[PDB]
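Protein chains in written order, with the authors' numbering: chain A, 1 to 273; chain A', 1 to 273; chain B, 1 to 273; chain C, 1 to 273; chain B', 1 to 273; chain C', 1 to 273. A prime marks a further copy of an entry chain.
To keep things clear, I will list the structure first and then write my remarks on it.
Number of protein chains: 6
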Amino acid sequence: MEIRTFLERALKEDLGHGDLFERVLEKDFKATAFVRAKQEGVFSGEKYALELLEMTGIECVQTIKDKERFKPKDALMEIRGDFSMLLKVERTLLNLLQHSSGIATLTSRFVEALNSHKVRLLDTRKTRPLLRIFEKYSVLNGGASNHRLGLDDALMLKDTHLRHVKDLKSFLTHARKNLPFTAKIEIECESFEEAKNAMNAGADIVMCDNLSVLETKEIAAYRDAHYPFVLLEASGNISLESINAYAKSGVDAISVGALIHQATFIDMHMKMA
Amino acid sequence: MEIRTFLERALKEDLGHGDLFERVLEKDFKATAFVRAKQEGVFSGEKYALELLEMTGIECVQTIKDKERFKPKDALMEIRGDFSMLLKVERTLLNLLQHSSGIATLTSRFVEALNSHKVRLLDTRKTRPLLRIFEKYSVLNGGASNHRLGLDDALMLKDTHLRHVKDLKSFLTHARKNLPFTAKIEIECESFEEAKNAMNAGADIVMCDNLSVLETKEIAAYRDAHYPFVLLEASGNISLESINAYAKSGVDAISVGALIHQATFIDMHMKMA
Amino acid sequence: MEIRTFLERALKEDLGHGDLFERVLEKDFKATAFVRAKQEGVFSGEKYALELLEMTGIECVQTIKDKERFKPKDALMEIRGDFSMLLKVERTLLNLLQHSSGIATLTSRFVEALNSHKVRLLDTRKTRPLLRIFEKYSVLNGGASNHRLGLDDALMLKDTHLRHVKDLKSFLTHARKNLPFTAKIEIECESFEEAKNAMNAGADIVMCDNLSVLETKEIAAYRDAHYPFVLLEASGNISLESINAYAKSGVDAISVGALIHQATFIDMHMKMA
Amino acid sequence: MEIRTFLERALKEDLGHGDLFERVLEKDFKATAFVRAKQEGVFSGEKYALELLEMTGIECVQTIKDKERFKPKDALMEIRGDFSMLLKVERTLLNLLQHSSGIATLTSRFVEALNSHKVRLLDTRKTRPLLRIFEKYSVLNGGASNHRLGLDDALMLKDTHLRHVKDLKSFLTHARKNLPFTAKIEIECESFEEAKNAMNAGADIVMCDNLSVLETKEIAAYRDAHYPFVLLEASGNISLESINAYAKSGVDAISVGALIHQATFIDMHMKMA
Amino acid sequence: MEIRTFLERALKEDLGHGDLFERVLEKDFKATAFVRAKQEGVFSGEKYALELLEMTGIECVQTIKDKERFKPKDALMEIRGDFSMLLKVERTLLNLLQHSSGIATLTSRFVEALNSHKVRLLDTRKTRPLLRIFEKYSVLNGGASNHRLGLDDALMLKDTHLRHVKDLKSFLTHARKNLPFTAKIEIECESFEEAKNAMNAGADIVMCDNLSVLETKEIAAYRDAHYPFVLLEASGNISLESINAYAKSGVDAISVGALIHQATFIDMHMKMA
Amino acid sequence: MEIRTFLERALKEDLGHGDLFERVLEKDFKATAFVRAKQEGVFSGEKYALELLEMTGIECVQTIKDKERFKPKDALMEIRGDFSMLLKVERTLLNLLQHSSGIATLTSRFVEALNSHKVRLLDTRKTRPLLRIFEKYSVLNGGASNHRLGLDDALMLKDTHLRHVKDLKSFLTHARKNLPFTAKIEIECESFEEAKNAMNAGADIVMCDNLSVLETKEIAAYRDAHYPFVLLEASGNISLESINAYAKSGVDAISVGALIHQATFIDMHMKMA
Ligand SMILES: O=C(O)c1ccc[n+]([C@@H]2O[C@H](COP(=O)([O-])O)[C@@H](O)[C@H]2O)c1
Ligand SMILES: O=C(O)c1ccc[n+]([C@@H]2O[C@H](COP(=O)([O-])O)[C@@H](O)[C@H]2O)c1
Ligand SMILES: O=C(O)c1ccc[n+]([C@@H]2O[C@H](COP(=O)([O-])O)[C@@H](O)[C@H]2O)c1
Ligand SMILES: O=C(O)c1ccc[n+]([C@@H]2O[C@H](COP(=O)([O-])O)[C@@H](O)[C@H]2O)c1
Ligand SMILES: O=C(O)c1ccc[n+]([C@@H]2O[C@H](COP(=O)([O-])O)[C@@H](O)[C@H]2O)c1
Ligand SMILES: O=C(O)c1ccc[n+]([C@@H]2O[C@H](COP(=O)([O-])O)[C@@H](O)[C@H]2O)c1
């Protein structure tokens, strides 16, 4: 398990010195519980919930696969194990769930509001500390694709890196030999004129930072023109509304980091019996 | 440093095999950069930012103390160190910042909308996985107090625990001897009649789950009545609006977990030069 | 699980580069062995031991639960599993069963002199490095009760703390808003006058330090009339003889941390048979 | 370094979610502090403390060395750092100086009552969990000498191991080619007979477990006679009231694990000034 | 920092319970020492070494940067610091400088035969356990270039993968939406026919496995007319003689992972002087 | 256990952010696989593999033992688990079986060309970083024997250490009381003279570093003469073309660290079926 520790840690920060309830409890027995929802939405974080549960000695009788949709008063999980242990895990479970689910839902919404089957939805390294993965996985279980996961994943730069370079074309070449063979080089651009110097130099990918439909199409055009095998990325602010408009800019994928840093939880709770 | 690793981990998940930019860079030099804002709001996470920075070999020339307020186009930090290293830390810094700042702001707002100096604002164990502390600290730098930090912090129960007990009073006594001496026992209650069985039994604290003003006042009353030294907690949903109404229920503190699981980031970015 | 890593490290230290015997052992085989007393005492350590065994792959046949009493020559545990693993888990097993039971035993000898069903006996924060929780556990299996476990569990102030404090009453006031909601505040006082002040400032617990049986009965009495809701504990070089007296002095609880820093091993050993 | 992680852990167990007093302190500041003794004994732990101090950014002004003797009321250490920290570090620093010194002292007693500049006094493997290295280190300062540290250190066969070895001379011969090149073997014997055999098999050290001062003499002789470079160690329940007695029997070392599993805390405390 | 913990563990393993010499060393003192060649080669390991030194408290006086060439009897490093620490960091230091330079050296011997400024030499994923990154680094200081570093760095498919795949072209299509946006896809092909298929399905990189110089020049040519935007690499038991030929065969890069699993130490040693 | 964390790490370095193929796989499923040899040699690593397998929930159907000989095309292991996993685990499993077997093989060569049932062949401390234990283990299977494992194992003084010791007989005598009770000392000598001295001082093992087969004979004699229980080890740049030569000189063991720092991967691969 690559996430075995992640859970390990999440549980400890809440258990600290050790749960207080178990000290008082006299006779521990084996009971059962459900994870009803309280607000319709999608569901992500199954994988984790499963791992955590087996990791704690909690049997997962019934579960609703990820990527699935639900409505309030719906049973999402019939877990069963010792009583004491059940209560310790209660919170850590709901939490990771609600957070994963939430980003998944808020992401779901961005999907339909895209309406397309030839354009990709991407996220960003804009993630909460220590959740680079836990979240991207969530962005996924919504219907979007994930962009790069780290800074070793694919060399991607912007002005900040080139504000001291002469001859771009010649630059992207002295990199190729000083990089990993299977790494693409994506570049950020703020104006039409840039996208050109880009492609020309080699750029495996070209982004579009804060630029209007007609500003992009000129590039989406100049692209279909000479450099065809060079993906294009619409990335600026991309509001939930101005998102559909860009799908039409004839651009491969649009990255809306807001998918992650804008997703609140989703009501859920746990009841014994 | 108790948070030294927290940062340690946050940086790695993004660096993975190792940043790709540094491979290409030819001559590394020492430059400087700022952390301008892009949306007025409060600021939290100074502590971390500081630690991270020294941890990375980045000098923190100028910083704006936590709990402070800011407006767009404002410089929040003049950091200076090697160029390569500056870029690796760029993201991990903004992230933890924006997230801490965000909860701080959304919390700030809940403060003024409370208007009071005798009533406390509390949060909940409703926190994102692996951020139990990173967040509570944020809830703090907003103006609120923190409730319990874990399940070892203070024995607090609800129906779920008592749906199998006879004689509450006698119960809270066989706990005291099987608990840590400095631990209070807070109890959750959903109806007037409960608050009574509570106090009577001993309960060091009594909460109020999803109950209207007049429902609470009856208890806030019966409290000022016989059991005075028994704090009272208003905790249900407490919308940003129906929050002020409860301040008047004559209750010690009100806990609005929404403070954490509802706070999105806050625009910020980093520019060289 | 929380004590996995504890046990894990307790083993790692003894094996080092690896056991040498398993290098020369020709044919490993399943064998049974028992842990046995060689002196009388009260049993502590089950929790830890069972977890060690089931961790290493050794089956546990029979075990005397914690708190139980045992005479010498008594068989305490029966265990089966690979010969090689038994000889590795041997000292690691015994060692903790001894250090653990050693405390618990020396603890009941106090719980005796104490002799009361209204007064609680408490340990302290004076514990051997890395065994805080371990040792605290033991004290429980000794018949007494644990005080706090850390500096986050509850706020406690003594001379060193106050020497830099003006107007205490005003302090414990503008403190509650920066401490976690459930947190109790306790104060060490070396005299009656100090005692009154504390209680008044709004202390939750007052500690009667190195004070004569009398001075306590008085700081006690004063408390049963002006502040009945305050906790009082007596501490300071209390012994097996003088401990009895304090019990009968109207004082909430007594803390003789010696129950730990003055407890030694209880000779035990393991035989194959 | 080496023990940095030990201290790193010893602290994390006491701090937990975080120190409380540091939440309510108003203005931290630099300050001095002294560790005074309240009991006479011998000082151990220097090694550890100095790292604990530097590790937590505290300055060490003055400090006595390991093995130095001290009287009560003696000022042992002069530390100087931020008031807030000095406090978090206090108990830890003391706990470990009391445990370490505690051991060294009791040890120093056995070394005096042993009386002899040619016979070594040894500890064992009976140690408290997670302190193997620490406690050995302690014994060292008390003026005695360490036995092996773990199971990789050197091979020792007690009866348990032997009860399955037909022909020992071979077993030892056909074990050398497996055990690392530089390892000694030690066999536990309970009769002049066993020791006479064990030695021909080629043991490198012979344990004279629970034997009369006469039998021991016998073996010491046979040793000085036919096997000179063998090495003798007398062990078993040995106490002050019999050490000197065994010292004069020819054995090269007397082994008494009571040195650690029977040692206790030497009273100490920290003052500000 | 990323290689701290690497070095940290490389030390921990050699010291075990702790160095024995520092136990018998009477007076420690500051001394200087040099690491020296005893055979010719290309230098690798600086990054790691400097970090080891400055980590242990040893000053570095002079050092031959990485990639540099050196003859025997040449002085490679001058270091000052506590005698005791020098003797501990000794083998740990040498060992990695050797294993590291050993690779790099054996690598340049290939970069030679290769002889080209249009073709890149690449390592593989066949590395010694725990040294993936370490060894990959070395290969760089050998004059070549690294292939991918993990199974997250980029998707690669070989026989074993395809045996359970129907209609590949359709696969690489409904895959891009589940792979991270930047991810390149590469395919191992054991023949011309396989090669075409790959390219067509939309592969980003095709690997020419155990194929004759010719069959490559052909899978090459075909590619310089129908798919000019595809990467081609040749692999499979390539050696120091036959490696030259492939260079001149219109193929993007060559991957002879032997540059690692077939590289040994380069005799070096350290002298005090 | 012991090495679980080694494997846990070896995997985490290759997986990184996560395996890609597992993102695009459609329906995972159980499957078998064989590890076939493509070179003749001797099998090492069994110990590790079986843990890697069980650790990642893969079933081991059949497997050859450590030290068993194998020819090419020989099927060495039959594993059976989820297709997805079998793949993540593939390279690791092979990498470590190739490194381990690689060593054992070269070793097995020296053991044959050594020829002698009474002279031990030893490795050293010259090992690759983080594999000290692993590589020693490997040498073991090759049929040779391990020297000490670290600096805690036993004390060895080379010239460096000695260059400051006036009077060695004393130094060794007044070092015994510090070093653990069961430790051997070994001194490096470069002349019949040094060895004659070192032995009186009381060394327990004497290194005959870089000496003629004649000088070695000389020392071996003096050894058999005046110091019988001393132990001789010949070392230095020794190769197949001179082993048998030294074996017949009286020394108890020949030390050749080339066994590991010169060993390479033995070709192996994994097939599905
Ligand atoms: O390196 C990455 O993971 C990465 C991938 C895609 C986009 N970004 C950055 O994220 C920015 C958009 O953020 P947002 O949430 O306001 O749409 C974009 O224009 C870049 O400056 C960063
Ligand atoms: O144990 C805790 O840390 C804890 C502290 C305060 C409140 N809670 C729970 O959080 C609930 C309120 O959540 P919210 O965000 O909708 O206001 C409350 O009524 C309880 O069921 C939990
Ligand atoms: O910090 C704590 O949890 C704590 C709780 C109770 C007592 N103490 C300290 O421990 C002292 C008594 O030690 P002793 O010899 O009675 O084990 C007492 O008078 C204080 O100075 C410390
Ligand atoms: O494992 C060791 O290093 C070791 C070394 C010497 C002796 N022992 C055992 O410790 C026993 C004596 O216990 P004590 O009360 O002197 O700590 C002895 O007779 C053996 O059964 C164990
Ligand atoms: O997974 C990778 O990164 C990877 C990259 C390039 C090559 N390989 C494998 O390594 C094989 C060649 O090994 P060798 O003897 O040329 O070092 C090749 O034909 C594949 O089966 C594996
Ligand atoms: O540290 C050890 O365990 C150790 C044991 C035996 C020999 N050495 C050193 O290793 C040297 C021989 O190197 P080699 O090529 O046989 O690996 C020898 O003459 C010493 O300087 C080192």
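Note that beta-carbon positions come from the ideal geometry of N, C-alpha and C, so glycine has one too.
- Item | Segment contact flag, the stretch 40-54 of chain B with the stretch 130-145 of chain B, C-beta cutoff 8 Å, min 3 pairs | yes
- Excluding sequence positions up to five away, which residues of its chain have a Cβ less than 7 Å from the Cβ of residue 28 of chain A? In the first sequence, counting from the first residue as 1, residue 28 of chain A sits at position 28. Answer for residue 28 of chain A: 82, 83, 84, listed in chain order.
- Query: By DSSP, does residue 59 of chain B' sit in helix, in strand, or in coil?
  - Reply: As a working mapping, residue 59 of chain B' is identified with position 59 in the fifth sequence. In the structure shown, residue 59 of chain B' sits in a strand (DSSP, three-state: E or B).
- Message: Checking the sheet assignment: what are the DSSP bridge partners for residue 32 of chain B'?
- Response: What you label residue 32 of chain B' is simply residue 32 of the fifth sequence in a count that begins at 1. Paired residues: B':80.
- Nearest-angstrom Cβ-Cβ length linking residue 121 of chain A' and residue 256 of chain A', presumed shorter than 8 Å: The residue given as residue 121 of chain A' occupies position 121 in the second sequence. The residue given as residue 256 of chain A' occupies position 256 in the second sequence. About 7 Å separates the two Cβ atoms, so the contact holds.
- For residue 70 of chain A, write down the residues that DSSP places opposite it in a beta bridge. On the first sequence, residue 70 of chain A is found 70 positions in, with the first residue counted as 1. Answer is A:41, bridged to residue 70 of chain A.
- Item | Runs of beta strand (DSSP E) wholly within the stretch 217-258 of chain C (minimum 3 residues, chain order) | 232-235, 253-255
- Item | DSSP bridge partner residues for residue 104 of chain C' (one or two, in chain order) | Along the sixth sequence, one-based indexing puts residue 104 of chain C' at 104. Per DSSP, none; premise fails for residue 104 of chain C'.
- Is it right to say residue 21 of chain A is buried, meaning 16 or more other beta carbons lie within 10 angstroms of its own, or is it exposed? As a working note, residue 21 of chain A is residue 21 in the first sequence. Burial call: buried.
- When Cβ atoms are compared, which residues of the stretch 101-129 of chain B' fall closer than 9 Å to chain A? 120, 122
- Do three or more CB pairs link the stretch 64-80 of chain C to the stretch 6-19 of chain C at distances below 8 Å? no
- Query: Which residues mark the beginning and the end of the alpha helix (DSSP H) in which residue 4 of chain A' is found?
  - Reply: As a working note, residue 4 of chain A' is residue 4 in the second sequence. Per DSSP, residue 4 of chain A' belongs to the alpha helix (DSSP H) from 4-15.
- Helix or strand or just coil, what does DSSP make of residue 20 of chain B'? For the purposes of this step, residue 20 of chain B' is taken as the residue at position 20 of the fifth sequence. If DSSP states are grouped into helix, strand and coil, residue 20 of chain B' belongs with coil.
- Query: How would you list, in chain order, the residues of chain C' whose beta-carbon sits under 9 Å from the beta-carbon of residue 174 of chain B?
  - Reply: Here the question's residue 174 of chain B lines up with position 174 in the third sequence. None at all; the shortest Cβ gap to chain C' is about 47 Å.
- Is residue 245 of chain A near ligand 1, going by C-beta to nearest heavy atom under 8 Å? Numbered from its first residue, the first sequence carries residue 245 of chain A at position 245. Residue 245 of chain A Cβ: outside cutoff for every heavy atom of ligand 1.
- Query: Under a Cβ-count criterion, where at least 16 other Cβ atoms within 10 Å of its own Cβ denotes burial, should residue 165 of chain A be classed as buried or exposed?
  - Reply: The sequence position of residue 165 of chain A within the first sequence is 165, counting from 1. Exposed: under 16 other Cβ atoms inside 10 Å.
- Item | Interface positions of the stretch 11-41 of chain C' facing chain A (Cβ-Cβ less than 9 Å), listed along the chain | 11, 12, 15, 16, 17, 18, 19, 23
- Query: Looking at the C-beta of residue 56 of chain B, does it have a partner C-beta in chain C' at a distance below 9 Å?
  - Reply: Taking the first residue of the third sequence as 1, we reach residue 56 of chain B at position 56. Chain C' contact via Cβ: present.
- Task: Could you check which residue in A:62, A:19, A:232 has the C-alpha nearest to that of residue 32 of chain A?
- Result: The count along the first sequence starts at 1 and reaches residue 32 of chain A at position 32. Selected option, being the one with the closest Cα: A:62.
- Please state whether DSSP places residue 65 of chain B in a helix, a strand or coil. To locate residue 65 of chain B, count along the third sequence from 1; it is residue 65. Looking at residue 65 of chain B - three-state DSSP - the assignment turns out to be coil, as it is neither helix nor strand.
- Message: Counting only C-beta atoms, is residue 275 of chain B closer than 9 Å to chain A at any point?
- Response: One cannot answer for residue 275 of chain B here, as it falls past the ends of chain B, which runs 1 to 273.
- Message: Could you give the first and the last residue of the continuous alpha helix (DSSP H) run that contains residue 269 of chain C'?
- Response: On the sixth sequence, position 269 is the one that residue 269 of chain C' refers to. Residue 269 of chain C' -> not in any alpha helix (DSSP H); beta strand (DSSP E) instead, spanning 268-271.
- Task: Closer than 7 Å, Cβ to Cβ, to anything on chain C': give me those residues from the stretch 197-212 of chain C, in chain order.
- Result: 205
- Is it buried or exposed for residue 229 of chain C', if we count other Cβ within 10 angstroms and need 16 for buried? The residue given as residue 229 of chain C' occupies position 229 in the sixth sequence. Its Cβ having fewer than 16 others within 10 Å, residue 229 of chain C' is exposed.
- Query: Expressed to the nearest angstrom, what Euclidean distance is found between the alpha-carbon atoms of residue 168 of chain B' and residue 175 of chain B'?
  - Reply: Working through the fifth sequence from its first residue, we reach residue 168 of chain B' at position 168. Working through the fifth sequence from its first residue, we reach residue 175 of chain B' at position 175. Each residue's Cα considered, the two are about 10 Å apart.
- Task: Could you give the DSSP three-state label for residue 207 of chain C: helix, strand or coil?
- Result: Within the fourth sequence, numbered from 1, the residue matching residue 207 of chain C stands at position 207. Correct three-state label for residue 207 of chain C: strand.
- Item | Outcome for residue 202 of chain A when other beta-carbon atoms lying within 10 angstroms are tallied against a minimum of 16 | Taking the first residue of the first sequence as position 1, residue 202 of chain A is located at position 202. So residue 202 of chain A ends up on the buried side.
- Given residue 133 of chain B' as reference, the closest of B':153, B':119, B':118 once Cα atoms are compared: The residue given as residue 133 of chain B' occupies position 133 in the fifth sequence. Considering only alpha carbons, the answer is B':153.
- Task: Can you tell me which of B:91, B:146, B:160 puts its alpha carbon nearest to the alpha carbon of residue 127 of chain C?
- Result: As a first step, residue 127 of chain C is located in the fourth sequence; it is residue number 127 there, counting from the start. Checked all of B:91, B:146, B:160; the closest Cα to residue 127 of chain C is B:91.
- Item | Sequence-distant residues of the same chain with beta carbon closer than 8 Å to residue 171 of chain B, five excluded per side | On the third sequence, position 171 is the one that residue 171 of chain B refers to. Only 165, 201 meet the Cβ criterion.
- For residue 36 of chain A', is the beta carbon positioned less than 8 Å from some heavy atom of ligand 6? What you label residue 36 of chain A' is simply residue 36 of the second sequence in a count that begins at 1. No, the Cβ of residue 36 of chain A' stays beyond 8 Å of every heavy atom of ligand 6.
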